[PDB]
Q: 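Could you have a look at this structure, given as structure tokens, before my questions?
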Number of protein chains: 4
Amino acid sequence: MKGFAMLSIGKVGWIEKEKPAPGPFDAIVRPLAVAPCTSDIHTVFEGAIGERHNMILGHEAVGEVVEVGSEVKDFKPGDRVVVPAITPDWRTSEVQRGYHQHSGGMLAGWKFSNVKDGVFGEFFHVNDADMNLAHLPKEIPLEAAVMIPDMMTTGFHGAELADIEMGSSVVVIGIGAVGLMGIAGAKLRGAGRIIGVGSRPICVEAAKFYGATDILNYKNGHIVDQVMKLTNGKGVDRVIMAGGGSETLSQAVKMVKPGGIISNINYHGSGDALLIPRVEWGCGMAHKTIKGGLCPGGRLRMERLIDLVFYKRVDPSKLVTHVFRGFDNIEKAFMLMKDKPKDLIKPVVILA
Amino acid sequence: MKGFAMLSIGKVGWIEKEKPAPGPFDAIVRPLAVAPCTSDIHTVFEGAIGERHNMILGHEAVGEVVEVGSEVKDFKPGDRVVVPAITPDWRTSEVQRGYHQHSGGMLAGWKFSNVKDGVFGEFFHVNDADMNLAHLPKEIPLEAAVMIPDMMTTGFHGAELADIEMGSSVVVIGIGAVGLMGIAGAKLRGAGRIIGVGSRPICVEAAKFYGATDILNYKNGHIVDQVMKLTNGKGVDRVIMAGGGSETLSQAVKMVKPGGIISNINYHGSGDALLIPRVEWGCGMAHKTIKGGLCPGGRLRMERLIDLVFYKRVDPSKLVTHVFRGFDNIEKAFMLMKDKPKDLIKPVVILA
Amino acid sequence: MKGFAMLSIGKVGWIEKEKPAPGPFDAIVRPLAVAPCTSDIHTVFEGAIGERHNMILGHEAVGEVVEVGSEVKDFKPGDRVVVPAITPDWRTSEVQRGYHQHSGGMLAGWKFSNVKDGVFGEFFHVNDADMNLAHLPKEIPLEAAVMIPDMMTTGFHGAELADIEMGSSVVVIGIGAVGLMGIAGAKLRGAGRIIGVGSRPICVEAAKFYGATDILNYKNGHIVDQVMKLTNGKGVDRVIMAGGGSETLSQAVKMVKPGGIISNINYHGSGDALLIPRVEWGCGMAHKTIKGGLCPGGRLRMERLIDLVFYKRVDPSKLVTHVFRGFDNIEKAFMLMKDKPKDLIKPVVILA
Amino acid sequence: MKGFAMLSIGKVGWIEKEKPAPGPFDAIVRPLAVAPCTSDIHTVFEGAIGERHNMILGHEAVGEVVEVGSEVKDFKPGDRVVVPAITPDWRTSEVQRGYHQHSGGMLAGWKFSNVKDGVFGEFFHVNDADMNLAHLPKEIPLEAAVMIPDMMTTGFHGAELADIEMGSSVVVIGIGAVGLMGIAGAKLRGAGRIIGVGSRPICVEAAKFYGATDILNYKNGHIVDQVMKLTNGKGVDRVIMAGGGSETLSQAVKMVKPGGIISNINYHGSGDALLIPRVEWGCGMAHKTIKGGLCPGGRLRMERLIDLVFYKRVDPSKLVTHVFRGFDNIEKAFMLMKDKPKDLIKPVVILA
Ligand SMILES: [Cl-]
Ligand SMILES: [Cl-]
Ligand SMILES: [Cl-]
Ligand SMILES: [Cl-]
Ligand SMILES: [Cl-]
Ligand SMILES: [Cl-]
Ligand SMILES: [Zn+2]
Ligand SMILES: [Zn+2]
Ligand SMILES: [Zn+2]
Ligand SMILES: [Zn+2]
């Protein structure tokens, strides 16, 4: 089979690999719709998580079950499923500890396009079908469904980690796909004011649609100053770091109230360190908590988000600004995330 | 001054009381809009809180500050305010413990028409204005605003206590005003499926408006059997108890999943005890946590709920089915809560 | 092989059964030390979990692995291991929800002597050896180690659910083995005053040993009255229910502060319902949270408790008043739990 | 009256000041025993929190009330009291938010020797006596009690913020007085393995006494390698940062497991930023939570810590390596904190 792979740092291309076969608990799946992630740009062009050789890319897919192992009980060939970007080995210590994202080591629940051939191939392999796949309700369009495995789970996790109080104020820094789902998640956790930070007009409109009550641009002056101005010097209860550089951490510390929470869902891809401003962190005593977490995955996570879409709590289709037909256009969609045109949020490639 | 009072258990009527004066930290407030609460029906007629003599009733008001003590800093004569039903003494050990609702004793945070002349007078007294009042944006209509002091803080507290997971299923038993804000709160906490329980058509329509995806009627079979058939024997993740008898707890225990949470905000004003079904509570080992709390009050709570209304996260006006004008209709509005018309959710009396 | 079995309700005896064989992920273990649980007495003589036929009793063992399936990686024949009383199926929705104790159904994590042949046999079966077994350090005596599978995890879970604040006052109702571990767990969570409730002299001394500052005996007045007296009317921050009838629930509600928490770890094998006193539960608004959970099991839990024993944070050997040797003494140990004598806390039978 | 004070950055001396008078809620207290804090060293000589002129230093005292305001109810002249280091204004939004340490602003709950004359004078002023004083039981000697206002509440807060799981592993970096209480606190939260990092023999002995099961010295290699060695490369569940420079944060991140928590209580007094290592923090996605908080104060905190001392949960007397008599020796003790002789942990000056 063919797949679109990372050949080595800085290099991508189509390659040929043998079609994968399932273990007793696994599934072979055919992608029906897929999408490229900013994370893969980081890993390919920034070397953000080490070198790789001929690793098929991509980890956002809706698919058709093509075969299952003899122990798989809940899925069968022909079943349409949503595939989480995160597909943990479930029988590990980290799972017993409550962190499947890290089953087998740091970030190891994220297999596709990390330590496993991704979804940009004619077939891909899913470990532990029964624990890691969710059935796709026919009422959910492919384009929207494909926003669930990564964009929705990541953005909503930003809002979960934030431990938002009802009616409290939230700043979401960065309004790309993850940030927009951060705003939406924040809204679904009962935030009052939601201040989005960004400027691409299509992101700004998306942001308002998902619940931002205010939009700040980096031109009306420093973001921190603007937030202080909007809040009369009082700052905000929560900050979700969804994009930008690592100087965003400092901005977040400077913007939040003492006792607030800063939630990072941003995949930082470069730099040796992230910096915490000493003084505004109360010299370590301001109770400004800093969290940062890989999105949840697995079947339960998908079914929960599926329910959120099915019952129309959120509509992730607005994230999808580009849709292409055809296997080969995986590459086109991939290059789209690299040069990132100004009208782009998320591309989806339809394969059926 | 005049005030509408409980003369004694089973008796209400207008009385003449001396106009209250403020200590250095207090404000005197004149109401602009008020509403009656079901809980005052309990105390007046079921002696639910013991005997009382000439206690002015009511604890749901938006008002205007008339005078403030020499130590009051943030409010002055003229300001329009939302008054929480719960107005605690803030210098107590329960406050250091984090439970203002019980400052000075169980439920002691609730003073108005509990241990203090309530808001159905030409004027009323607010202890600690700076800590207990919040400015009312002019953008918010009185009939919506008056839903904040009690109905909203109560319904929402049901959803908070419930510790809702994003996408999880919630049953709300009882769809009166509080129950309806429970449904809204659940949605605002990110609930997927929300199953409301109750019959009154007008409540039913408000329940759908606030987020209910299902409405269960007692008399289509016992509620637990209905919930099971809806959820294919799986049960629900959370139950909020907002109305009905004490048998409601057993129903909750039976329908909620192990590891689930049952959140009560209902006033149970009759019977010696509530019953937990031993077997369905796993004989004590089912991790079915049971919680029950008085609504938060104070300035912060009000300010937070106000932001939710102000940024249109919730529209409380659909709670109001009856609007009266003039100080005299307070009586009519109160008795309306006693006989409970079919078309009634919540009555409001507009004064100026 | 032979095992000591529940022949049917009210009847116990030795039976012959075939030696179990392991699946790919399982282990066959031989007991090196075992102990009887009060829970089994309820099962056999009160039919508290339904009738059973020839079900081997017991679920507290330290053992020697004698056989492992082909997929077992961390355990091999000859390994000395601590076996948790709870051995869940790990690949289930309840696990993904964070509740292994309920994997596959309410309490389904508890297999041994519930839905599965228990440890009172020449051999027994442990499902999922890698997830469910823990290595026993040679430095821990068998009799101490066999308190870990159940007594310590249950008792400590009582303190965990109690969510104890440092320096706060805790009452533990019932000072049998579980309550004594409740006392120890509470001290290890940083409780200040710990008030144990019981009368048996041997349990009384042990309670003191594990950290009780006060021991209350019903012969000195109503427990609630006594707690109110000890706390000069203020009550206590937390109550752990570890023994007594279901009337302990009412006592616990009446003695805890508003905002407090009541943690049940007691197995109520009798009655139709537990009763919550209405008034003292603030008619549902006192923020008096009621929790109740089956103990955690599996490998992580065992390994954490082992560390606590290993580093001398707790000494569970004081739970052990009777040490027998040999399989026959299993029956003697069991019956000892039945007609519980006055010098008895926990009996242990050492097999090699 | 006489006071020992910071004249300006890098300068200390005795000065004469007006004896303060109480407001209606305040008390005037004379010190019976005081201790100096490393924090005052940072503020004076590193100008860590900015310029100051004639600010009486010190915020750790046990004292006798010599006058109260007309509104003070629970304290009278002659009463012996433990005075918390943190004495917040209780009627503020931050208190409503649950963060009294920052009442009126970041760190503002900390008044003595921050933005108010401290306890190193013949008298000092305590705002809101009834909320901020605790009675000293006669059973507690002055030297132990004076460890409560700061050392104990700070070290214990480190363990509380760390959210320790029972039997889990903890590294405490820095074993001066605060770190030693961090060790004790962690043991009182049910920690299993506890690894202390530090070198001074007297601290090493105290660390063992308080619960450290291992002790690491910077001399024997990089701390992170040492910890990876003690833990078979698995790292630890929690890290408490209680001393050292800011490079400690990077150490803590490298040391802790994914899903772990890092709790800072160290008062950093120099440098622009603190660095988080990008890679070891999973590029922002390792779920390695960073916390950092000023110690709780107020009456309740003191009362709970008094219980821990009274009921012999912790014996803070071992922190006191130097006791001097006489008011003038405040200077002696303070200079000890500057010079840090190898046998010093905490000095105490007895004034009665
Ligand atoms: Cl096509
Ligand atoms: Cl006051
Ligand atoms: Cl096998
Ligand atoms: Cl003993
Ligand atoms: Cl060990
Ligand atoms: Cl005051
Ligand atoms: Zn991605
Ligand atoms: Zn009410
Ligand atoms: Zn048992
Ligand atoms: Zn200090």
Side-chain angles (χ1 to χ4, degrees), chain B residues 278 281-287, chain C residues 35 37-42 48 60 85 147-164 169-189 191 193-200 202-218 223-224 226-227 236-256 260-271 274 289-296 305 314 316 318-319 337 340 344-346, chain D residues 166:
Chain B
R278 183 184 57 93
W281 204 53
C283 308
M285 302 172 294
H287 295 95
Chain C
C37 181
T38 66
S39 73
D40 272 358
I41 301 296
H42 294 150
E60 299 156 88
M147 291 301 92
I148 297 173
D150 189 345
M151 300 299 95
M152 193 179 311
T153 176
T154 296
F156 282 20
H157 196 52
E160 296 167 326
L161 296 173
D163 201 357
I164 293 169
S169 53
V170 181
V171 169
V172 179
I173 301 177
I175 53 181
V178 167
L180 294 168
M181 286 294 95
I183 282 171
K187 177 179 182 180
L188 290 181
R189 292 300 279 171
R193 194 167 193 179
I194 296 164
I195 298 170
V197 180
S199 52
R200 279 154 154 269
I202 197 151
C203 299
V204 163
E205 289 304 301
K208 295 182 177 163
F209 176 81
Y210 288 119
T213 51
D214 308 81
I215 303 285
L216 296 193
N217 178 319
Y218 73 99
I223 307 302
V224 178
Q226 290 186 67
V227 176
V236 293
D237 299 299
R238 297 292 190 274
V239 190
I240 298 173
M241 299 168 46
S246 89
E247 69 284 344
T248 61
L249 178 57
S250 176
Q251 296 166 13
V253 173
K254 296 186 180 181
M255 69 179 71
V256 264
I261 298 175
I262 301 171
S263 175
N264 179 81
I265 46 183
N266 183 31
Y267 176 18
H268 306 263
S270 156
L274 297 92
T289 298
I290 305 171
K291 301 174 168 181
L294 181 72
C295 60
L305 299 185
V314 57
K318 304 317 179 176
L319 297 176
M337 298 297 283
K340 205 162 179 276
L344 171 71
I345 294 155
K346 200 83 176 161
Chain D
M166 298 204 86

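Values below: all heavy atoms of this structure, side chains included; hydrogens, waters and symmetry mates excluded. Below, chains carry the letters A, B, ... as their sequence lines are ordered, and counting in each starts from 1.
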Q: Looking at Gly260(C), is its backbone amide N or carbonyl O close enough to the side chain of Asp237(C) to form a donor-acceptor pair, meaning the two atoms are under 3.5 Å apart?
A: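 No: the side chain of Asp237(C) does not pair with the backbone of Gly260(C).
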Q: List the steps and the verdict of side-chain contact (heavy atoms from CB on, under 4.5 Å) for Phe156(C) and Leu188(C).
A: CA-CA 9 Å; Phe156(C) 282 20; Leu188(C) 290 181; 4.0 Å; yes
Q: Is there side-chain contact between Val314(C) and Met181(C), with heavy atoms separated by less than 4.5 Å?
A: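 Side chain of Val314(C) against side chain of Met181(C), heavy atoms only: contact under 4.5 Å found.
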Q: Could you tell me the separation between the CZ atom of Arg238(C) and the OG1 atom of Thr289(C), rounded to the nearest 0.5 Å?
A: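 Going from the CZ atom of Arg238(C) to the OG1 atom of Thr289(C) covers 8.5 Å.
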Q: Not counting sequence neighbours, list each pair that qualifies as a salt bridge (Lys or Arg N to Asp or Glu O under 4.0 Å) and has a residue in residues 150-160 of chain C.
A: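 Of all non-adjacent pairs touching residues 150-160 of chain C, those that pass salt bridge (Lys or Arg N to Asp or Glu O under 4.0 Å) are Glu160(C)-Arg301(C).
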Q: Give a yes or no answer on whether the side chain of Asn266(C) reaches the backbone of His268(C) with a donor-acceptor pair at less than 3.5 Å.
A: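 Looks like no, no N/O pair under 3.5 Å.
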Q: Give me the atom names and distance for the closest heavy-atom approach of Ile175(C) to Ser199(C).
A: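 Closest approach of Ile175(C) to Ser199(C): CD1-N, 4.4 Å.
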Q: Report the residue from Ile290(C), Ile265(C), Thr248(C) that forms a side-chain contact (heavy atoms from CB on, under 4.5 Å) with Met241(C).
A: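 Exactly one option meets the side-chain contact (heavy atoms from CB on, under 4.5 Å) with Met241(C), and it is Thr248(C).
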Q: State whether the side chain of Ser263(C) and the backbone N or O of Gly158(C) hold a donor-acceptor pair below 3.5 Å, judged by distance alone.
A: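 Checking the backbone N and O of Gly158(C) against the side chain of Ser263(C), a donor-acceptor pair under 3.5 Å is found.
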Q: Do the non-hydrogen side-chain atoms of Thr153(C) and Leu305(C) ever get within less than 4.5 Å of each other?
A: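 Result yes, sub-4.5 Å side-chain heavy-atom pair found.
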Q: For residues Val204(C) and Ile215(C), report the shortest heavy-atom separation together with the two atoms involved.
A: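 Answer, listing the atom of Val204(C) first, then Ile215(C): CG2-CG2, 3.9 Å.
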Q: With sequence neighbours left out, what residues match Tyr267(C) under ring-ring contact (aromatic ring centres under 6.0 Å, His included)?
A: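 Residues passing ring-ring contact (aromatic ring centres under 6.0 Å, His included) with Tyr267(C): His42(C).
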Q: In Å, rounded to the nearest 0.5 Å, how long is the span from SG of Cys203(C) to NZ of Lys346(C)?
A: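 Between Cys203(C) SG and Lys346(C) NZ, I get 12.0 Å after rounding to 0.5 Å.
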Q: Run the side-chain contact (heavy atoms from CB on, under 4.5 Å) check on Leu319(C) and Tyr210(C) step by step: do they pass?
A: CA-CA 10 Å; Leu319(C) 297 176; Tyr210(C) 288 119; 3.7 Å; yes
Q: Working to the nearest 0.5 Å, report the span between OG of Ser39(C) and CE of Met285(B).
A: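 The OG atom of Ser39(C) sits 8.0 Å away from the CE atom of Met285(B).
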Q: Which heavy atom of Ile173(C) sits nearest to which heavy atom of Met255(C), and what is that distance?
A: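 What the structure gives for the nearest pair is CD1-CE, 4.1 Å.
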Q: Name the one of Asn217(C), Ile195(C), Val197(C) that satisfies side-chain contact (heavy atoms from CB on, under 4.5 Å) with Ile223(C)?
A: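 Single side-chain contact (heavy atoms from CB on, under 4.5 Å) partner of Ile223(C) among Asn217(C), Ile195(C), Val197(C): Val197(C).
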Q: Apply side-chain contact (heavy atoms from CB on, under 4.5 Å) to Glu60(C) and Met151(C), showing your working.
A: CA-CA 9 Å; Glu60(C) 299 156 88; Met151(C) 300 299 95; 3.6 Å; yes
Q: Please report the interatomic distance CD1(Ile345(C)) to NZ(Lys340(C)), rounded to the nearest 0.5 Å.
A: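 Rounded to the nearest 0.5 Å, the CD1-NZ separation comes out at 7.5 Å.
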Q: Within this structure, what is the CD1-CD1 distance for the pair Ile262(C) and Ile240(C), rounded to the nearest 0.5 Å?
A: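 Here the interatomic distance stands at 11.5 Å.
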Q: Going from CG on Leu161(C) to NE2 on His287(B), what distance comes out if it is rounded to the nearest 0.5 angstrom?
A: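 If I round to the nearest 0.5 Å, the distance is 5.0 Å.
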Q: Without swapping roles, check the side chain of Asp214(C) against the backbone of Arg193(C) for a donor-acceptor pair under 3.5 Å.
A: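 No; judged by distance alone, with no hydrogens or angles, the pair does not exist.
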Q: Specify the closest pair of heavy atoms between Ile183(C) and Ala212(C), including all atoms of both residues, with the distance to one decimal.
A: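 Here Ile183(C) and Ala212(C) meet closest at CG2-N, 3.8 Å.
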Q: Between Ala159(C) and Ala186(C), what is the shortest heavy-atom contact and its length?
A: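 Reported closest heavy-atom pair: CB-N, 3.6 Å.
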Q: Which atoms form the tightest heavy-atom contact between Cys295(C) and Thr154(C), and what is the distance?
A: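 Reported closest heavy-atom pair: CB-OG1, 3.2 Å.
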